[PDB]
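Chemist: An experimental structure, sequence included, is below.
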Amino acid sequence: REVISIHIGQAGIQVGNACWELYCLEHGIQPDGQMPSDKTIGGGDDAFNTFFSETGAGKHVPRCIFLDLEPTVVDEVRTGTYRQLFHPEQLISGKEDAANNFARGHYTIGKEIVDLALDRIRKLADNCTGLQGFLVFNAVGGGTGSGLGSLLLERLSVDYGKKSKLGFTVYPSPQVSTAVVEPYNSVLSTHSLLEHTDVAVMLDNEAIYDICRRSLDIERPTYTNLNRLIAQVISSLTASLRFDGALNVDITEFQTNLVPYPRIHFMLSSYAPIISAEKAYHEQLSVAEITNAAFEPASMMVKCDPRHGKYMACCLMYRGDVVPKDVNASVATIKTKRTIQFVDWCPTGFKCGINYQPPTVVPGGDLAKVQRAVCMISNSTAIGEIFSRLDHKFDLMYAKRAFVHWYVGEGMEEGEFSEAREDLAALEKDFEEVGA
Amino acid sequence: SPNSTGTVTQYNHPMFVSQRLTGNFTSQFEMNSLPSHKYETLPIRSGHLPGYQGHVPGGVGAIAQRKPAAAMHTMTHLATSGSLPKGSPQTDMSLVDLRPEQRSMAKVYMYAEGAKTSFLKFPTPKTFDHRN
Amino acid sequence: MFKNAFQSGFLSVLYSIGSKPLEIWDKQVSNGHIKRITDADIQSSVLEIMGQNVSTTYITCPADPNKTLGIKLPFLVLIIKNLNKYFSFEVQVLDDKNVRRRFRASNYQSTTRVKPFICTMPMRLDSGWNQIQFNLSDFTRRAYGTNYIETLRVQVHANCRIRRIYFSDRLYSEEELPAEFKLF
Amino acid sequence: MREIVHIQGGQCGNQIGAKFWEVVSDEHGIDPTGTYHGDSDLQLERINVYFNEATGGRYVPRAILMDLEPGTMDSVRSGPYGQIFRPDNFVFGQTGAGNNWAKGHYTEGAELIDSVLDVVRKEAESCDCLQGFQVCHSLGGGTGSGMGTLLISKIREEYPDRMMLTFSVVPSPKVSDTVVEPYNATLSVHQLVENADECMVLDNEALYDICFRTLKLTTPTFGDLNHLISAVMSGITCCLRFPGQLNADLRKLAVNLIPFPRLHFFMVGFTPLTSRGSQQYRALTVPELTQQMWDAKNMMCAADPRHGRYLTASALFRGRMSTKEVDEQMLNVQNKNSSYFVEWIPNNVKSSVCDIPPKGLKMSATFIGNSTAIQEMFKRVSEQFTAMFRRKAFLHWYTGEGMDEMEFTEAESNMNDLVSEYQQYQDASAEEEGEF
Amino acid sequence: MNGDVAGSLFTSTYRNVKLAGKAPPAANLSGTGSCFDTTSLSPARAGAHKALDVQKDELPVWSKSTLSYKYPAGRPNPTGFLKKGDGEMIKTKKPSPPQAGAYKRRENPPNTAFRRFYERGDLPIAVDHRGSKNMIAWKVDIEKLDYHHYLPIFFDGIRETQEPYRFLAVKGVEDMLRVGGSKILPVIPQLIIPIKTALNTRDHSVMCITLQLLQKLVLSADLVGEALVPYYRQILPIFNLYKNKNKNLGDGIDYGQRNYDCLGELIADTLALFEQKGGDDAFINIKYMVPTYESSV
Amino acid sequence: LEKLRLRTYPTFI
Ligand SMILES: Nc1nc2c(ncn2[C@@H]2O[C@H](COP(=O)(O)OP(=O)(O)OP(=O)(O)O)[C@@H](O)[C@H]2O)c(=O)[nH]1
Ligand SMILES: Nc1nc2c(ncn2[C@@H]2O[C@H](COP(=O)(O)OP(=O)(O)O)[C@@H](O)[C@H]2O)c(=O)[nH]1
Ligand SMILES: [Mg+2]
């Protein structure tokens, strides 16, 4: 059982840096690439197999590729902390940026690098034997994470077909943004990510800024703090493949129990508890309390209020000292609450998951050693309003055809813009029809 | 007692940052004990509480840190400023965020603001001349 | 309505020659315009829809979004004039499994994509006026294993000159067609 | 990697480029003798973008210095850091333009542009991945405007897919410096509208204003003006040379700043500037940056944004800072005075964070806003030109050299076209029916 | 597409002044003097938009305190002093770019060259005064006329708005376009300036008349379509200004269709016809200037 | 030609 990760763009690579920093600490692998001779903290010689591949004697390289068009972030890893860890031919790098231009990175610049990325990922998959799937990281604001981030998805879909492809996108915030042309890129990315990804997990930057400011009392946060707890969610949802659990859940079960219809795959991640070290040991936290704390809109990492919509199917990941009795007792209390409601045709609802190993800590990070944590992954119609707002502010610009001449200069034409706009509209109609 | 990273390079880190290094800027981790006072992963006796409404000398120092860690880092920044030159820089690796890129302190990542220059050094009337 | 209707071989839902053509249709126009002018090649009044964004300006058949009309007629016929611009139309149907499908024919797409709820088709038009016949039953049989029962709504987008959109039950030829439904 | 080929034309261009090369050579850590004496690894990483390492451990700028006289060449060579320039890049004629566009564009242009083009071809072919051409010049003189315009055109047909920056100073409205200034400026903007990719406009009167009121300098020379413009270039091209949390090259800013192909005449401000007295009393924060950044009084251009709406704006923050403060401040400045921002483009502000500030400063930023109020200078120049031209003042000096009145008439046609197009895009509304 | 562009002049003017009842714009009659004598030509320029907004003192000042622009505080006056009870009234107690007008009408004085040469009397033009709309009594034959000397003059008189001159100018332009054969090609560079000047003024009637006349000019020739493409940089801007001005009647019929008043349809038709004639490398320029245009294959 | 033909007419499975 092995899963390989693809990190695309500035945001994807910066997130994957914290991800691999957390992974190496989970399995006690020093940045040099090997565990120390002493201090065998972990149990089980095959735990690292799903993320690291054991080479020769006393060396384990990660299963990942860092690819981007600007080498100003990739080269920072080459001479940063993990010079020895990553294999040199996994840190792919280009010569020119996409420059926030989906057309550029999808038709002009990504064409000559997608083949190399596919060549590397091919021999990465051959070393594997029990491939569960892929998990990709990118932001849908820029061009590199959008154009070639979707071209690579299409190439993997045509090359492999039945392999699962988890997606963890970073969607533009409703009002707190850093780019201008990002609605175009977001719509064009959603148009092709709809038919190729199997489970896509939305993530909003300001929705995590609020969490850091309020829960973590970080009055000034930054990107690194956000990438720190993104890695926590990834590790929480992947730990069932790594460590034994009372009721485990693999990648194929997420698709089975969270995707009622082939096009409705957009999950709302959440996590609990997000607490600092000062308040962690003062307020006792139970399974029944953390599951309640993982259902408020104030703990959602995407800014869409679940009150505006209805839940289709919820997924719950538990780690630490958790037993089936208290978790399935707490699930019943959630169903009796009236402020949240599920769809009519889903009486079953949740899918629980229990793992024994508690989440590990990042030294110099922001979280603390927590006895038990929850990584909630939902599927509701409240995400229907996000696409509505993105569509509204995309159409507000498309009427004057602003910034269009950049896109048509790289090979695309207005037909793609249209056919993506109607694809988003059709997805909206799907969401209201299913929620009826 | 500033931390001493084992990494060595052609250049030496500037004195305004070498005297101020935390235990988290190490090339090799201590896998046996991650929760320890060295990494500031435990509740801190020093530092003001999150609900503290008083005045802290930091204010704007830390850019990505919680209240107690920021308080410790600004207190250490102000504590050992005597040995530094009078025109010492204001920022520091402790106050500034710890990126996973730069934890090993391999390169000279923060050097500019303490470097002697004339980037915005406009002529004073006593030193003024008309380019004769 | 149309549930208690007679529903003979022919049935019109919008005719450009009348006091209130858009009487049941709900117009929703933004960055566009709707008019009724006399075309220069058929010498008759036509309903003209033109707009910048084809996804914003449209007219749906039932005024009430919740309410739906009921048509058992298999064939749906449109009489459209090609303006050499982006144009599309969408129709809702009900199958024997009691689920709602959608058939969107678009001028600006190349692939033919089949999803459980939406089936998008490409389409190409001639220079001037042309009548298009949809044959909802055949499309329902081809896209899904089910069969056609009912039509729930029809929706036409911008950049088109519309006149005498109607339903039918047989592949009528021009000779056997009644005069009022002809092109000339 | 990415490379910038710098070109200085005429007195103004030569002086500003000399000061720019001095400050940048100090920034990367090389002495006025050209040898490296810096103390940072990050310095060596991106010195190729501006310098070529010659045999012997000495660096030289990638600059070309051009005019029609030897005097300015001698002046730039004699000055500090004048010995770092390669003596083979000192192309200059012997007759002189005489502040005559016709001489610098048709007679002296045709005889000197060959050697300048040969030098530029050599310099650009030497490097591998050209990023773009950066040109500093004026718009009032003959060889600064006429010759530089021809060089820009030739580079355009020779290098049609490369970036192009032009730091062009425009004649001051209230006080001129040359009788035939509108004659040069009309043709200059007529050619810049088609050839250059973007022109960031400067103005000597504005430089005087900022250096007198904010800096509170008693007697400012040309040195501090060229110094400020040099700092502006260092800020705008910062992210190409240093790592940052969020990156932005020339192409990204061009994409995010230009909504329509002819709208590339920007207005620039740099932050922070203060007197020596107030230096010891202010604190370095993102707010105190953004208040001075958005002041219309701080802009170094004659156009006042109070008479128009900001189409798009860009703020290249420098220094290791919190991104949440950045984007929340720009959100606030966009939300408060919303009427001064265009309505049909939401999220008008592009933001970037670089980790290496200039030496001496803890934190700095540069403002590049595309405002529709830029039309006033074009209107004033056009009316001054037509006051010149209605009864033929000083026309014999140009028509007696080959060009006819049709060029002047067509230049006014295009210029009065551009101002009207600015007016149209400023006055347009989102609903689109309210204006009729 | 009208057989005679001037065919609706008198009837439309009379309908506008009397039948519809709306106030007719009566301006730019200053300096024309009387009849039977020369009109004093003003030195003002019709095409140029000499707006030059002067916000000397009402312009708001930027506040470094709060990012919102704020107006300066009012200057206290000795006439209005502090009353006895206003202290409790104190307890019980938005900037914008000014106009930047682009759709306002630009002034056009009657200084066109056509008016000067007509008052001079060197034009062989007379009014038939027929029962139908009046034709032009040409003293000398049209085919032997020197187009180089006359076509710029008549195209310059289209901007003119007073009754006796605009009709003559439009009808003469129509007649020369219809009768002329290959003589139109060499003079096409000289007609750019008058057409641009007529389009610059934001007056509806002149805009629609010059749009129809441009359609006839590009139609009534052999290969002038290939010749107008380099000049698209000076004509299409007004098309961009008024491309989407169109009246929307949800279910009503546009009665004012026999007269080409809605310039939104005229602009689209003119763009399509420009695309048709001389279409080789012609769509690119139109798309470059007009951003929303769609190629008609 | 295939990328145009399978892209201009409606084709099902
Ligand atoms: N959570 C998080 N988001 C980031 C980070 N860095 C960038 N982003 C997001 O990424 C979006 C823009 O894309 P980038 O990551 O900057 O770069 P890109 O996706 O590769 O696109 P280009 O750089 O233009 O080629 C921004 O809107 C940010 O919200 C990060 O470190 N953490
Ligand atoms: N900022 C700056 N502007 C200058 C300098 N020298 C000249 N200028 C400006 O350039 C204009 C004159 O340009 P000119 O010398 O005739 O250019 P040239 O003769 O074509 O090389 C004047 O209006 C000055 O404002 C300088 O050293 N710095
Ligand atoms: Mg990127």
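Modeler: That came in fine, so what should we check first? Numbers count the residues shown, from 1 in each chain, chains lettered A, B, ... in the order given. Ligands and ions are numbered 1, 2, ... in the order given.

Chemist: which helices and strands sit right next to the helix or strand hosting residue D:278?
Modeler: Per DSSP states H and E, residue D:278 falls inside helix D:276-279. Of the remaining helices and strands, none touches helix D:276-279 by 3 or more C-beta pairs under 8 Å, 6 or more residues apart in numbering or on different chains; DSSP states H and E. The way it works is simple: take the backbone N, C-alpha and C, and place the C-beta from them, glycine included.

Chemist: anything in stretch A:17-30 near chain B?
Modeler: Yes: against chain B, stretch A:17-30 shows contacts by C-beta under 8 Å from any C-beta of the partner chain at A:17-18, A:21, A:25, A:28, A:30.

Chemist: any idea which of those residues is closest to residue D:172?
Modeler: For the residues of stretch A:17-30 next to chain B, the closest approach to residue D:172 (C-beta to C-beta) belongs to residue A:17, at 50.4 Å.

Chemist: Setting the sequence-adjacent residues aside, check what's closest to the closest one.
Modeler: Excluding the flanking residues, the one nearest residue A:17 by C-beta to C-beta, 6 or more residues apart in numbering or on different chains is residue B:100, at 4.4 Å.

Chemist: give me the number of residues near the one you found?
Modeler: Using other C-beta atoms under 10 Å in any protein chain shown, residue B:100 has 27 neighbouring residues.

Chemist: wait, it sits on residue A:15?
Modeler: No: applying C-beta atoms under 8 Å as the test, residue B:100 and residue A:15 come out as separate, 10.3 Å apart.

Chemist: Now do the SS call for residue A:196.
Modeler: coil (DSSP: H, G, I helix; E, B strand; the rest coil).

Chemist: Ramachandran coordinates for the residue nearest to residue A:17?
Modeler: Main-chain torsions, residue B:100, degrees, to the nearest 10: phi -60, psi -20.

Chemist: quick one: it from residue A:85, how far?
Modeler: Distance, residue B:100 to residue A:85, using C-beta to C-beta, to the nearest Å: 11 Å.

Chemist: Could you do residue C:95 as well?
Modeler: As judged by C-beta to C-beta, residue C:95 and residue A:85 stand 56 Å apart.

Chemist: Looking at those two, which is more packed in?
Modeler: A side-by-side neighbour count of residue C:95 and residue A:85, using other C-beta under 10 Å, places residue A:85 first with 22 against 18.

Chemist: wouldn't that one be in contact with residue A:25 here?
Modeler: No: contact criterion C-beta under 8 Å: residue A:85 and residue A:25 do not qualify, at 12.0 Å.

Chemist: Tally up the residues packed near the closest residue to residue C:168 other than its chain neighbours, please.
Modeler: Take residue C:168 and drop its neighbours on the chain: the residue closest to it by C-beta to C-beta, 6+ apart is residue C:75, 4.1 Å away. For residue C:75, the neighbour count with other C-beta under 10 Å is 18.

Chemist: Pull the contacting residues for residue C:75.
Modeler: Residue C:75 sits next to C:133-136, C:167-171 when contact means C-beta atoms under 8 Å, 6 or more residues apart in numbering or on different chains.

Chemist: three-state assignment of the closest residue in space to residue E:48 that isn't next to it in sequence?
Modeler: Nearest non-adjacent residue to residue E:48, counting by C-beta to C-beta, 6+ apart: residue D:416, 6.3 Å away. Here residue D:416 is helix, with the state taken from three-state DSSP.
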